Amino acid sequence: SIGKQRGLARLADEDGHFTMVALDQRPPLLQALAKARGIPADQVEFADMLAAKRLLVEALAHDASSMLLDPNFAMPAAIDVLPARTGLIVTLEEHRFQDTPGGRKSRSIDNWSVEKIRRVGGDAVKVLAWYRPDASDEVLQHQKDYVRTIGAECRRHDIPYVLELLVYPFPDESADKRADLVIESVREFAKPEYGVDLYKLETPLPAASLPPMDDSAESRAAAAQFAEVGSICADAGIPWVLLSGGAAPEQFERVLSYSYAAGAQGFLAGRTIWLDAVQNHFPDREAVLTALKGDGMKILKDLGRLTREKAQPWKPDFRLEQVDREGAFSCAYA
Amino acid sequence: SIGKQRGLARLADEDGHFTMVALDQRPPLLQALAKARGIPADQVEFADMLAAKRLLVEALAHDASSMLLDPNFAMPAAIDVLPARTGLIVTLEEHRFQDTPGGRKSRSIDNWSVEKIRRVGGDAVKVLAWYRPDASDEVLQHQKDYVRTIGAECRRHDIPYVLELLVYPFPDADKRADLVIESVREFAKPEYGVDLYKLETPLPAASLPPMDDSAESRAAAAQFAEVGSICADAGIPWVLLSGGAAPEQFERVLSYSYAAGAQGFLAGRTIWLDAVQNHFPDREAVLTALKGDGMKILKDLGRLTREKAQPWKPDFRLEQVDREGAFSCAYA
Amino acid sequence: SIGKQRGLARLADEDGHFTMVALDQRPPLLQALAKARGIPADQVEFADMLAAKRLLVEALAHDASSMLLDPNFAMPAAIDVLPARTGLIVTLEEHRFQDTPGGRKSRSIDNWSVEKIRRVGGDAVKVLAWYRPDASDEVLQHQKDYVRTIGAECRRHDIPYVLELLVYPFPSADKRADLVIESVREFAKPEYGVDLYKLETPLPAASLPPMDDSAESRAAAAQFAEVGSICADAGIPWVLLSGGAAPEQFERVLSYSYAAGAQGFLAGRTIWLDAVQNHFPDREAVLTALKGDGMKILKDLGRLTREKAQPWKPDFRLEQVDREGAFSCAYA
C-alpha cells in the first residue's frame, strides 16, 4: 500500500489538489482532426494523432499536476516532453467497447497491461468502465469482473487504480433518472473488492441544468445529489475528481463548485481545454499553440484557482504497520 | 528504456543537475546514536534509527533533487515525509559485506529486490560494490557477477541502475587513482547496464591543488578527465560522493569533477553526523545545528552545481512508431 | 427560562412528542356550521360555535398531548371539558388580518393578551403570522415588529411562544420552498424569542415521492433538512400543520419532517370538517362520523410520531445556585 499512496501524491500538486489534464482521447481526437482537415475520420494519419498529442503535452503539462496519456498514441508522441515532476497516469481500457443490446462491455488495450504501466515509470493506471445499473446481468457481470480484475492487478503491482465511470444510452431520460444511474454506479464500484484508489466521475445532474450556487431551494436540491456522491467516496476513503464531459467552461466551473462543496478533490479536464484549439487551427503548429497558451490555458488556470480556493486538500494516509526490527519492513512488503 | 530515462529525470532537478542526499547509512547512524544516547551500539533501539532518519528526511528534503533511502530503516521511518517530487533511490546492497583476505564480497539485502523497489514506487535502484582491480580472481568474479545480475534485474524492470563504486584496504595517491579509474572503466561496459555512477574522487581531496593554469592542476585534472571520458563514451552521467572531506575540500573535488563532465553530487554523513551525535534525541536541537552547518553546505553545493556542472538531459531514442498498437507491442 | 421549559413540557406527552390538535378555527368552523344548518354564515348563531367547539374538545382530548383553543369561542365553550393533563395553547392572533396589496398585516385579538393567557392558566401563547419574504418593506416591517413584540410579552411572562408561519398569495415548488424556508430562517433569530415552531410543508404534500434511496427523494429531503437544521441551531422544536392534505399525504410529509428532526404535528380541519358539516347539530351522529374517520387518523398520526419522531427533551440549563435566597433573587 506504499506505492499507492506515493503514486496518488504524484498525481496531486504541492497543496494536495488534483488539477489533471486528459489526453488519452482516441475517437474524440480523431473526429477533432477530421474536422480540422475536412477528411473523414478513417483518413486521419497516425502522424497527425501524434502531433496533436505532442502539442497538448508541451503546452499544458507545466500547469497540470498530472496527465492522462494512452499507450499507443500519446506515449510515443510525448513521453520525452512530459516533465519529470508532472504525474503520469496511463490508460488501460480499449476505446473499442462492445455495444451489445444489453449494454457496453469493456476490455484492456491489446499488448498493454498494469505490469507495463508500472515498468515504464507510470504513477497510476486508468480504466474507464461504461456502466449503468439497469444493464443486462451478462453486461453488469462482465463490467464488474473486468473492474475487479484490474483492481487485483493494481494491488499486485502496488499502483494507484483510477476508475472512471460513465453512463451511456442503450442501442436504438430524466435528470433524476440519470442521477440514479450515476450515483448507484459510484455506490457499486466504491466496494472494497474493486480496489479503486481514485475516482473520475461525471456530474450526476446535467451541467446546463445546474442553478447558481446560493442558499436557494433549487440549489439545495441539486447539491443533495453531489452530497450523496461525496459521502459514498468519503466512507470508502476514495478521493474523487471530476471529468469535464465537454461542458462549457462556465458550466464545468459550476459542476466543480457543487462537487468541491461535497468533498471532491479536483478535476480531470479533457476536451473542455483544447478541443477548439485543435479543431480550429490544426495542422498549423503555431496557431494551435496560440489558442492552447491563450484561451485553453486560461480555462486550466481558472479551474486551478477554483480548485485551490474551494477543493479540500487530499492528504496521504501511510497507515503503516509497526515495524520494530531491522528486516521486518522488507519481509512485510511482499 | 523509457522507464530508465524517465526515472533518471526524476533523480535530477528541473535544470538537469543531480543534487542528491544519501540517507541509507546503517552502521554509521547506529554509531552516532550510540554516542548520542551514551550506550553501546548493540543497545540502540530501532525506534531511534527511525526517529533519526525521519527528522533527517524532513530537514533535507527541500534541498535535494533525490534522496537515497535504505529499505529497513529509512523507508518505514520517512516514506510519508519524503516529498512526492523528490526522487526516491532505494538501496539494494547489504551493509554487512563479506571481508575475505582476497577482497570484499557483496550481496543484496535479505527479502528486498529490484522488483520490490519498482513495486513500491522507487525511481532508481542503488548498489554499492566494493571494488579493487587487484583483488583475487574469486572476489573479482563474485563482484562482477553481482553487479551484472542487478543490471539484468534493472533492465527487466526498466528502472535506472545507480552504481556506487568504492576502493578499500585488504584485511591486514597514483596507486589509488589507478584502483578508482580501472574500477570505473570495468563497470562502464555495456553488460552491466549502469545508468548513473556514484563515484569517489580518484585523487585524495586534501592533496588537490587550487584549480589554476599550473602544471600541478593539469596533472590533477587529467585523472578527472579520464573518469569523465570513460562515462561520456558509455553514456553514463556521474555524481560524486562527499567521502568524508571538509566542505572546502569537497567543493574543490566537485570543481575538478564538474570541469570533467560530472553532473552532480551525493551528500553523505558529514552534512548531519555532528548534529545527530551532539543533540539526539532533542529534535529541535538537531534541526537547529543542521541549519547552521549541514544545510548551509548543501545550499553551497547546489549553487556550485548550477554554476559549473554540465546539465544532464534525457535521451529518449525510441524507435519511431508508425501505427496504432506498435508502441504496446514494442514495449515488451 | 423555567416557565417556558415547563410550559413546553406540558404541550408534549410523557414520551416527548407533540401530538397537538387545533380547535381555534373561527371562519372555517362558521362555514362548516352554515353548511350543516343550510343557512348563510352571517346567520350562524354564536351558540352553534360553542356547541361545535365543546363537541370537538370532548371528542379529541383523548388523542392529543395539547390543544390549541381560541379565546372568544373555544375558551367559554369548552374550558370545563378540557382535561387538566392536556396542555392548553391559547390563540392570540386575530383571524381578520389586514389584506393589503403589499402583503398581509397581523394583530392580536382585541381585549385578549399574553398577560391574560398566563393568568387564565394557559401553557403556551400561539401567534400565526402571515409571511412571505418578498412582501413589501412596510408589510415585512409590520410582521417582524408584531412577532418580536409578542416574543417580548412571552419573555416577560416566561411562557412558551408558539409561532406558526404561513405563506399566502398576493391580492413552482422550489419558489414556494424559498418563501417557506426563508420565513423559518427569519423568525428563528434570537430577537423574536420563539420557543416552538408550527410550520407548513416546504414542498407540496401531493408532490412528495416515497421515502426511498432515489435522487427524487434526496432532493425533496434536502428542503426538510434545511428547515430541520435552522430549527436545531436556534434550539426551536418544530411541528407540522396538516394544512388540509389527505391523510396518506400528511403521513408522508411527516415521514420527511421527522427524518429532518421534527418533534410532532398540529392537526386541523381535516379531522372533523365533514363530520360537523354533515351531522351538526345531532351530537351523536357527529361523534359516530368522527370515530370512523378523524379519530382513526389521529391515532395513526400519534403512532407514527411514537415510532419515527425524535423526542423533545427539556433543557433547563439553570445557573447553579449556592445559597438560600439566590433562586428567588435570580428569578426576576
Side-chain angles (χ1 to χ4, degrees), chain A residues 2-14 26 46-47 49-50 70-77 79-85 87-88 109-113 116 118-123 156-160 316-318 320-334, chain B residues 2-14 26 45-47 49-50 71-73 75-77 79-85 87-88 109-113 116 118-123 156-160 314-332:
Chain A
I2 296 174
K4 280 168 183 301
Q5 295 295 297
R6 180 151 192 90
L8 285 180
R10 285 176 173 187
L11 304 195
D13 69 18
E14 200 172 287
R26 281 137 301 160
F46 180 77
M49 290 290 285
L50 309 192
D70 62 287
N72 291 323
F73 301 98
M75 287 281 286
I79 198 56
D80 60 293
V81 301
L82 178 63
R85 321 301 136 198
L88 173 62
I109 291 182
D110 295 321
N111 314 308
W112 195 247
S113 60
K116 281 184 190 194
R118 170 56 97 206
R119 195 188 304 138
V120 86
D123 300 303
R156 172 182 193 89
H157 298 281
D158 196 10
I159 188 172
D317 179 32
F318 282 87
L320 267 160
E321 270 63 44
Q322 260 278 312
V323 172
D324 39 83
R325 189 184 59 91
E326 181 199 14
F329 177 91
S330 293
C331 281
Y333 194 67
Chain B
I2 292 176
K4 281 168 178 293
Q5 290 299 304
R6 180 146 187 91
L8 279 184
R10 284 193 172 178
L11 304 184
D13 63 31
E14 270 98 324
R26 289 143 284 163
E45 306 268 8
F46 185 78
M49 286 295 285
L50 305 181
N72 291 323
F73 296 105
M75 287 287 298
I79 201 44
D80 69 286
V81 292
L82 174 75
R85 310 307 172 181
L88 172 55
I109 290 170
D110 299 316
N111 311 305
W112 193 245
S113 55
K116 291 193 171 184
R118 174 52 98 209
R119 262 225 296 288
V120 82
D123 294 303
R156 171 178 193 92
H157 299 282
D158 203 0
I159 194 165
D315 193 14
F316 283 89
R317 298 185 58 104
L318 33 85
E319 285 74 38
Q320 260 44 56
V321 176
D322 314 298
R323 51 167 287 264
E324 173 190 11
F327 180 85
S328 297
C329 281
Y331 194 68

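Here is the naming used below: chain letters follow the sequence lines, and residue numbers restart at 1 for every chain. Computation of the quantities below employed the complete heavy-atom set of this structure, encompassing side-chain atoms and omitting hydrogens, waters and symmetry-equivalent molecules.
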**Prompt:** Heavy-atom distance under 4.5 Å between the side chains of A/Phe329 and B/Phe73, does that happen here?
**Reply:** no
Max heavy-atom pairs within cutoff under 4.5 Å with chain A, candidates B/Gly7, B/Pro83, B/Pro314, B/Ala47, goes to B/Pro83
Requested in this report: Evaluate the side-chain proximity of B/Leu82 to A/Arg6: yes if any heavy-atom separation is below 4.5 Å, no if none is.
Outcome: yes
Here the gap from A/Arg118 atom CZ to B/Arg118 atom CZ, rounded to the nearest 0.5 Å, amounts to 7.0 Å
Given B/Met49, B/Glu14, B/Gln5, the one with more heavy-atom pairs under 4.5 angstrom with chain A than any other is B/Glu14
Residues passing the side chain to side chain contact (heavy atoms under 4.5 Å, CB included) test with B/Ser113, sequence neighbours excluded, are B/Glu115, B/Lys116
Original post:
Hey, does the side chain of B/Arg85 reach the backbone of A/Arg85 with a donor-acceptor pair shorter than 3.5 angstrom?
Top reply: yes
Comparing A/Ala84, A/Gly327, A/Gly87 against chain B, the one with the most heavy-atom pairs below 4.5 Å turns out to be A/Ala84
Nearest heavy-atom contact between A/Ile2 and B/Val120 is CG2-CG2, 3.7 Å
So, the part of B/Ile159 with a heavy atom under 4.5 Å from chain A: the answer is neither
When the 4.5 angstrom heavy-atom criterion is applied to A/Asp110 and chain B, the contacting part is backbone
Whatever's closer than 4.5 Å to a heavy atom in chain B on A/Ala12 counts as backbone
So, the part of B/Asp315 with a heavy atom under 4.5 Å from chain A: the answer is neither
Whatever's closer than 4.5 Å to a heavy atom in chain B on A/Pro76 counts as both
Going by heavy atoms in the side chains, are A/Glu326 and B/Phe46 under 4.5 Å from each other?
yes
Bottom line for A/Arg156: the part with an atom under 4.5 Å from chain B's heavy atoms is backbone
Comparing A/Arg10, A/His157, A/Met75 against chain B, the one with the most heavy-atom pairs below 4.5 Å turns out to be A/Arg10
If you tally heavy-atom pairs under 4.5 Å between each of B/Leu318, B/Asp123, B/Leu50 and chain A, the highest tally belongs to B/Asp123
Ranked by heavy-atom pairs below 4.5 Å to chain B, first place among A/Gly122, A/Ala77, A/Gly3 goes to A/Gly3
Honestly, the part of A/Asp70 sitting under 4.5 Å from a heavy atom of chain B is neither
The interface call for B/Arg323 against chain A, heavy-atom contacts under 4.5 Å, is backbone
Comparing B/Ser328, B/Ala332, B/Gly121 against chain A, the one with the most heavy-atom pairs below 4.5 Å turns out to be B/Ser328
